[PDB]
Amino acid sequence: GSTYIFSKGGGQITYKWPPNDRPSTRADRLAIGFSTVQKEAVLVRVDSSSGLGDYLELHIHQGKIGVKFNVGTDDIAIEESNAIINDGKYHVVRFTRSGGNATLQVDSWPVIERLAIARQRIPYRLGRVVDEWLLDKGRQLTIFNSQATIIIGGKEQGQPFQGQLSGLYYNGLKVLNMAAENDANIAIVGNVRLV
Ligand SMILES: *[C@@H]1O[C@H](CO[C@@H]2O[C@H](CO)[C@@H](O)[C@H](O)[C@@H]2O)[C@@H](O[C@@H]2O[C@H](CO)[C@@H](O)[C@H](O)[C@H]2NC(C)=O)[C@H](O)[C@H]1NC(C)=O
């Protein structure tokens with residue numbers, strides 16, 4: 001609903017949990033709509049408190065949307081490698097995590113149906129789901145500990161997002177809506193504006 005345009009030079013929307021409600025979770029739900037033409041960008045990153053490795057990162061690499069996270073132990077990647085999503089068009093991404101398991105869903109509305117065939121078409125929903133499962137007898141770690149910041153825009157990774165982000169949802173937090181409503185725990189910097 002609340003859409004922010006990240007213009008030339010990039011920008012950043014930061015949400016800081018009250019230093020005293022910093023959550024630790026077994027499961028996560030993230031949703032965001034986006035449009036971009038970028039080959040590479042970081043869209044959203046949830047980092048833990050200083051001194052901890054835990055993080056969750058939504059990014060685009062080689063035109064493809066994916067999420068990388070760490071919850072103690074190994075870095076875990078889930079990527080949707082069939083859709084090229086950097087076409088300046090709208091897409092919705094949905095990510096869930098349960099311990100080391102993870103699901104990623106990417107919806108798109110292509111207007112083309114393919115010796116491929118350039119057939120202009122009525123746009124239709126094309127959904128892709130990827131599930132990643134780990135099979136140890138509950139052996140690796142499962143908790144994203146002490147979540148401190150949700151940073152939207154990718155500047156801190158040296159990979160700024162340019163284009164449109166909307167409708168961010170994270171564990172009950174409608175972060176871009178809270179930004180729009182001038183939430184005390186949100187800071188906006190750079191070339192970012194509310195549509
Ligand atoms: C992460 O996932 C494992 C495995 O999940 C199960 O295995 C298949 C993998 O494709 C999946 O399709 C099924 O939905 C199924 O849930 C979970 O561990 C398994 O589930 C139960 C406990 O709910 C155990 O009794 C099983 O023995 C165990 N299977 C194996 C092979 O280890 C695990 O709980 C889950 N992690 C979290 C935190 O949700």
# chains A, B, ... in the order shown; residues from 1 in each chain; ligands from 1
call {"tool": "residues_near_ligand", "arguments": {"ligand": "ligand 1", "cutoff": "12 Å", "atoms": "only C-alpha atoms and all ligand atoms", "output": "ChimeraX atom specification"}}
result
/A:25-28,71,96-103,130-144
call {"tool": "write_last_selection", "arguments": {"atoms": "C-alpha atoms", "output": "CSV table (one decimal), in the first residue's frame"}}
result
chain,number,residue,atom,x,y,z
A,25,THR,CA,12.4,-15.9,16.8
A,26,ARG,CA,12.2,-19.5,15.7
A,27,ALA,CA,10.0,-18.5,12.7
A,28,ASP,CA,9.9,-15.5,10.4
A,71,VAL,CA,21.0,-18.1,12.7
A,96,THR,CA,9.0,-17.8,5.6
A,97,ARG,CA,11.6,-19.4,7.9
A,98,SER,CA,11.2,-22.1,10.5
A,99,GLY,CA,14.5,-22.9,12.1
A,100,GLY,CA,16.8,-23.8,9.2
A,101,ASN,CA,13.9,-24.6,6.9
A,102,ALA,CA,12.7,-21.8,4.5
A,103,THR,CA,10.1,-21.1,1.8
A,130,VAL,CA,10.8,-22.7,-3.5
A,131,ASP,CA,11.0,-24.8,-0.3
A,132,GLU,CA,14.4,-25.5,1.4
A,133,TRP,CA,14.5,-28.2,4.1
A,134,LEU,CA,17.3,-29.3,6.4
A,135,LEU,CA,17.5,-32.9,7.6
A,136,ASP,CA,19.5,-33.3,10.8
A,137,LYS,CA,17.7,-34.7,13.9
A,138,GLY,CA,17.4,-31.1,15.2
A,139,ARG,CA,21.1,-30.4,15.4
A,140,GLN,CA,21.8,-27.0,13.9
A,141,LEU,CA,20.5,-23.8,15.6
A,142,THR,CA,17.0,-22.4,15.0
A,143,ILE,CA,16.8,-19.0,16.6
A,144,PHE,CA,17.3,-15.6,14.9
call {"tool": "select_by_dssp", "arguments": {"residues": "chain A", "states": "alpha helix (DSSP H)", "output": "PyMOL selection string"}}
result
chain A and resi 175-180
call {"tool": "atom_distance", "arguments": {"atom1": "CA of residue 67 (chain A)", "atom2": "CA of residue 31 (chain A)"}}
result
11.7 Å
call {"tool": "residues_around", "arguments": {"residues": "residue 83 (chain A)", "least_positions_apart": "3", "cutoff": "10 Å", "atoms": "only C-alpha atoms", "output": "list in words"}}
result
residues 63, 64, 65, 79, 80, 86, 106, 107, 108, 126, 127 and 128 of chain A
call {"tool": "closest_residue", "arguments": {"among": "A:35, A:5, A:13, A:49", "to": "residue 146 (chain A)", "atoms": "only C-alpha atoms"}}
result
A:49
call {"tool": "closest_residue", "arguments": {"among": "A:81, A:14, A:62, A:3", "to": "residue 154 (chain A)", "atoms": "only C-alpha atoms"}}
result
A:14
call {"tool": "closest_residue", "arguments": {"among": "A:167, A:172, A:23, A:160", "to": "residue 39 (chain A)", "atoms": "only C-alpha atoms"}}
result
A:160
call {"tool": "residues_around", "arguments": {"residues": "residue 10 (chain A)", "least_positions_apart": "3", "cutoff": "9 Å", "atoms": "only C-alpha atoms", "output": "PyMOL selection string"}}
result
chain A and resi 6-7+153-155+160-162+189-192
call {"tool": "residues_around", "arguments": {"residues": "residue 53 (chain A)", "least_positions_apart": "2", "cutoff": "9 Å", "atoms": "only C-alpha atoms", "output": "MDAnalysis selection string"}}
result
chainID A and resid 47:51 55 70:72
call {"tool": "write_last_selection", "arguments": {"atoms": "N, CA and C atoms", "output": "short mmCIF file (atom, residue, chain, number, x, y, z; two decimals), in the first residue's frame"}}
result
data_model
loop_
_atom_site.label_atom_id
_atom_site.label_comp_id
_atom_site.auth_asym_id
_atom_site.auth_seq_id
_atom_site.Cartn_x
_atom_site.Cartn_y
_atom_site.Cartn_z
N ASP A 47 19.20 -7.16 10.84
CA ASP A 47 20.40 -7.48 11.59
C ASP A 47 20.13 -7.63 13.07
N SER A 48 20.91 -8.49 13.72
CA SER A 48 20.86 -8.63 15.18
C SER A 48 21.73 -7.58 15.88
N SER A 49 21.69 -7.59 17.22
CA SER A 49 22.50 -6.70 18.05
C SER A 49 23.99 -6.81 17.74
N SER A 50 24.72 -5.72 17.97
CA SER A 50 26.17 -5.71 17.81
C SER A 50 26.81 -6.84 18.60
N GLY A 51 27.77 -7.52 17.98
CA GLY A 51 28.45 -8.65 18.62
C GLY A 51 27.84 -9.99 18.26
N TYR A 55 21.55 -12.60 10.96
CA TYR A 55 21.01 -11.66 9.99
C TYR A 55 20.10 -12.39 9.01
N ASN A 70 21.52 -16.21 8.48
CA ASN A 70 22.40 -16.91 9.40
C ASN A 70 21.72 -16.89 10.75
N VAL A 71 21.62 -18.04 11.41
CA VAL A 71 21.00 -18.08 12.73
C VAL A 71 21.87 -18.82 13.73
N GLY A 72 23.16 -18.47 13.76
CA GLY A 72 24.19 -19.31 14.37
C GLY A 72 24.53 -20.38 13.34
#
call {"tool": "closest_residue", "arguments": {"among": "A:90, A:186, A:124, A:74", "to": "residue 17 (chain A)", "atoms": "only C-alpha atoms"}}
result
A:186
call {"tool": "select_by_dssp", "arguments": {"residues": "region 87-140 of chain A", "states": "strand (DSSP E or B)", "output": "list in words"}}
result
residues 91, 92, 93, 94, 95, 96, 97, 98, 101, 102, 103, 104, 105, 106, 107, 108, 112, 113, 119, 120, 126, 127, 128, 129, 130, 131 and 132 of chain A
call {"tool": "write_last_selection", "arguments": {"atoms": "N, CA and C atoms", "output": "short mmCIF file (atom, residue, chain, number, x, y, z; two decimals), in the first residue's frame"}}
result
data_model
loop_
_atom_site.label_atom_id
_atom_site.label_comp_id
_atom_site.auth_asym_id
_atom_site.auth_seq_id
_atom_site.Cartn_x
_atom_site.Cartn_y
_atom_site.Cartn_z
N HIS A 91 6.53 -7.09 -8.64
CA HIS A 91 6.60 -8.49 -8.19
C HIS A 91 6.38 -8.50 -6.68
N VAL A 92 5.81 -9.59 -6.18
CA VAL A 92 5.68 -9.77 -4.75
C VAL A 92 6.55 -10.94 -4.35
N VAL A 93 7.27 -10.78 -3.24
CA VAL A 93 8.11 -11.83 -2.67
C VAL A 93 7.58 -12.16 -1.30
N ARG A 94 7.47 -13.45 -1.00
CA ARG A 94 7.06 -13.90 0.32
C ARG A 94 8.04 -14.94 0.81
N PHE A 95 8.53 -14.73 2.03
CA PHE A 95 9.54 -15.57 2.61
C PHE A 95 9.09 -16.01 3.98
N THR A 96 9.19 -17.31 4.26
CA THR A 96 9.02 -17.77 5.63
C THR A 96 10.22 -18.59 6.06
N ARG A 97 10.48 -18.61 7.36
CA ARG A 97 11.57 -19.38 7.91
C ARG A 97 11.08 -20.10 9.14
N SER A 98 11.44 -21.37 9.25
CA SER A 98 11.22 -22.14 10.46
C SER A 98 12.51 -22.87 10.79
N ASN A 101 14.77 -24.44 8.02
CA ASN A 101 13.92 -24.60 6.85
C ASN A 101 13.46 -23.23 6.38
N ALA A 102 13.07 -23.13 5.11
CA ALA A 102 12.66 -21.84 4.53
C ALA A 102 11.81 -22.02 3.27
N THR A 103 10.88 -21.10 3.06
CA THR A 103 10.10 -21.09 1.83
C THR A 103 10.22 -19.71 1.20
N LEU A 104 10.25 -19.68 -0.13
CA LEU A 104 10.28 -18.41 -0.84
C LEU A 104 9.28 -18.44 -1.98
N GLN A 105 8.44 -17.42 -2.06
CA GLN A 105 7.48 -17.35 -3.14
C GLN A 105 7.63 -16.07 -3.91
N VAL A 106 7.63 -16.19 -5.24
CA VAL A 106 7.74 -15.04 -6.11
C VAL A 106 6.59 -14.98 -7.09
N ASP A 107 5.72 -13.98 -6.97
CA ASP A 107 4.65 -13.80 -7.96
C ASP A 107 4.99 -12.73 -8.99
N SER A 108 4.56 -12.96 -10.22
CA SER A 108 4.77 -12.03 -11.32
C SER A 108 3.55 -12.03 -12.24
N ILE A 112 3.47 -12.07 -21.65
CA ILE A 112 4.10 -12.74 -22.78
C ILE A 112 4.09 -14.26 -22.61
N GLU A 113 3.68 -14.96 -23.67
CA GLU A 113 3.75 -16.42 -23.70
C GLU A 113 4.58 -16.97 -24.86
N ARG A 119 4.82 -13.61 -28.04
CA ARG A 119 3.37 -13.44 -28.09
C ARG A 119 2.90 -12.52 -26.97
N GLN A 120 2.55 -11.28 -27.31
CA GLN A 120 1.92 -10.36 -26.36
C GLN A 120 0.55 -10.91 -25.96
N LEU A 126 1.88 -15.54 -12.54
CA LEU A 126 2.86 -16.62 -12.58
C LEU A 126 3.54 -16.70 -11.23
N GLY A 127 3.22 -17.77 -10.49
CA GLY A 127 3.74 -17.94 -9.15
C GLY A 127 4.82 -19.00 -9.08
N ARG A 128 5.84 -18.75 -8.27
CA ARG A 128 6.91 -19.70 -8.08
C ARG A 128 7.15 -19.83 -6.59
N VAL A 129 7.26 -21.07 -6.14
CA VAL A 129 7.53 -21.36 -4.75
C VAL A 129 8.75 -22.24 -4.70
N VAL A 130 9.64 -21.93 -3.76
CA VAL A 130 10.81 -22.74 -3.48
C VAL A 130 10.77 -23.05 -2.00
N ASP A 131 10.90 -24.33 -1.66
CA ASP A 131 11.05 -24.77 -0.28
C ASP A 131 12.42 -25.39 -0.08
N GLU A 132 13.06 -25.01 1.01
CA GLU A 132 14.37 -25.54 1.39
C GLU A 132 14.23 -26.19 2.76
#
call {"tool": "atom_distance", "arguments": {"atom1": "CA of residue 1 (chain A)", "atom2": "CA of residue 33 (chain A)"}}
result
9.3 Å
